[PDB]
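Structure record follows, encoded as C-alpha cells.
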Amino acid sequence: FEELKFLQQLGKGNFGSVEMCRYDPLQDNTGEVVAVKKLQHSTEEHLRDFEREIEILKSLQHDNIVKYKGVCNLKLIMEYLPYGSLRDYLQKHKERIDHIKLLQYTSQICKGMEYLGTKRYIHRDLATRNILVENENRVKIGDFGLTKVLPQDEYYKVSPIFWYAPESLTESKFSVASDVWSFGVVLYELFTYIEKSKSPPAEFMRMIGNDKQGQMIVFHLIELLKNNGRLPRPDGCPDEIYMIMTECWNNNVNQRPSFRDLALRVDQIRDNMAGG
Ligand SMILES: CCS(=O)(=O)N1CC(CC#N)(n2cc(-c3nc(Nc4ccc(C(=O)OC(C)(C)C)cc4)nc4[nH]ccc34)cn2)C1
C-alpha cells in the first residue's frame with residue numbers, strides 16, 4: 001500500500017488512532033477511500049503488540065469482520081464503513097430500529113464471535129463502541145487491539161471493567177466464556193438503545209454507590225457481581241432475550257452458553273417474533 005491523504009479522523013484513542021484516507025494510486029483522485037489505524041505513542045512495546053494485531057486481522061475473513069487491506073511507524077489499512085460505530089448509528093436511528101432489526105445485529109455479532117473462536121482468538125474488548133455499521137443491514141466487529149491468540153498449551157491471563165467477567169476482574173483470565181459475558185453486556189446496550197443514563201457504567205455506579213473511586217470501584221464491582229447483582233432488564237426488552245443476558249452473566253464459567261448456541265437462539269427468537 002502506497003504512502004494516502006488524511007481526510008478526517010474517525011476514531012481517537014490513548015494509544016490508537018483511526019483516520020479516513022484516500023489511496024489515489026494513479027493520482028486520479030478516484031481510488032477507493034480506506035480506514036487507516038496508526039499508533040499514538042509508537043513505542044517498542046506497542047509496535048510489537050500492534051504488529052500481532054495486523055497479523056490477526058489479515059488472518060480473519062468473515063462477513064461480520066472488517067476486511068483488512070494492508071500495511072504502510074506502521075499503518076493498518078482497513079475497509080471504510082460509512083455509518084461508523086453502532087452506538088453512534090443506533091442513537092441517531094432509535095425510532096427507526098425495532099427489536100427484530102436489533103436481533104439482526106445481535107445475530108451477526110454472534111456469528112463473527114463464533115468464527116473468532118474457531119481460530120482460538122479471544123477478543124477481550126467486545127462492546128458496541130467496537131462495532132461498526134457498513135449499511136443499514138450489516139454491522140461488523142471493527143477493532144482487535146486487545147485480541148489475544150489462545151496459547152498452544154485455554155485461557156490467556158493478561159480497562160472496561162463494566163464489560164469484564166468476574167474471573168477477569170479477579171484472576172485477569174480471559175477466554176471464550178469471558179467473551180460470552182461481555183456479549184451479554186453488548187446485548188444489554190443494544191436494548192437500552194445506547195441511552196447514557198442507562199449505560200452499564202452509569203447503572204453499576206448507582207448500584208455500587210458513587211461515593212467510590214479509583215480501584216475501590218473494582219473492589220465493589222467484584223463483591224456485587226459475586227452476590228448475584230446484575231444489570232436490570234431494560235424497559236421494552238422481552239423476557240426471553242433478557243434471559244440470554246443473565247445466562248451470559250453466570251458466575252460459573254462452565255454454564256455460560258456457547259456462541260454457536262446464542263446465534264441459533266437469537267435467530268429462532270427473531271423469526272418467532274417476526275412470524276407471530
Ligand atoms: C482503540 C481506540 S481506536 O482509535 O483505535 N478505535 C475506535 C474504533 C472502534 C472500532 N472498531 N474506531 C473504528 C472506527 C472506524 N470508522 C469507520 N467509519 C466511520 C464513518 C463515519 C464516522 C462519523 O460519522 O464520525 C462520527 C464521530 C462517528 C459521527 C466515523 C467512522 N470505518 C472504520 N473501518 C475500520 C475502523 C473504522 C472509528 N473508530 C477503533
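Data table
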| quantity | calculated |
| --- | --- |
| Phi-based couplings in Hz for the stretch 197-207 (Karplus 6.51, -1.76, 1.60; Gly and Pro marked x) | 5, 9, 4, x, x, 5, 6, 5, 5, 6, 5 |
| Under-5 Å amide H pairs with residue 140, H placed in peptide plane, nonlocal only | 132, 133, 134 |
| Over the chain: helical MRE at 222 nm, DSSP H runs n ≥ 4 each giving -39500 (n - 2.57), nearest 500 | -12000 deg cm²/dmol |
| By average C-beta atoms within 10 angstrom, highest first, the peptides 141-148, 100-107 | 141-148, 100-107 |
| Highest-first arrangement of 203-212, 175-184, 125-134, 240-249, where packing means the average Cβ count within 10 Å | 175-184, 125-134, 240-249, 203-212 |
| Highest-first arrangement of 160-172, 22-34, where packing means the average Cβ count within 10 Å | 160-172, 22-34 |
| Under the Karplus curve 6.51 cos²θ - 1.76 cosθ + 1.60, θ = phi - 60°, whole-Hz ³J(HN,Hα) for the stretch 184-190, x wherever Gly or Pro sits | x, 5, 3, 5, 5, 3, 3 |
| Phi-based couplings in Hz for the stretch 49-65 (Karplus 6.51, -1.76, 1.60; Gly and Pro marked x) | 5, 5, 5, 4, 3, 5, 5, 6, 5, 5, 8, 10, 9, 7, 5, 10, 9 |
| Computed Kirkwood radius, in angstrom, where 1/r is averaged over Cα pairs of the stretch 5-79 | 13.1 |
| Bridge type composition, the chain - antiparallel percent by DSSP, nearest 5 | 95 |
| Cα-based Rg and Dmax for the stretch 86-272, where Dmax is the largest Cα-Cα distance (Å) | 15.8, 48 |
| Tail beyond 15 Å, pair distance distribution of the stretch 12-54 (Cα, percent) | 53 |
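All of the numbers you see were taken from the coordinates with simple rules; none came from a lab. Cβ coordinates were reconstructed from backbone atoms using ideal geometry, including for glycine residues, and neighbour counts include every protein chain displayed.
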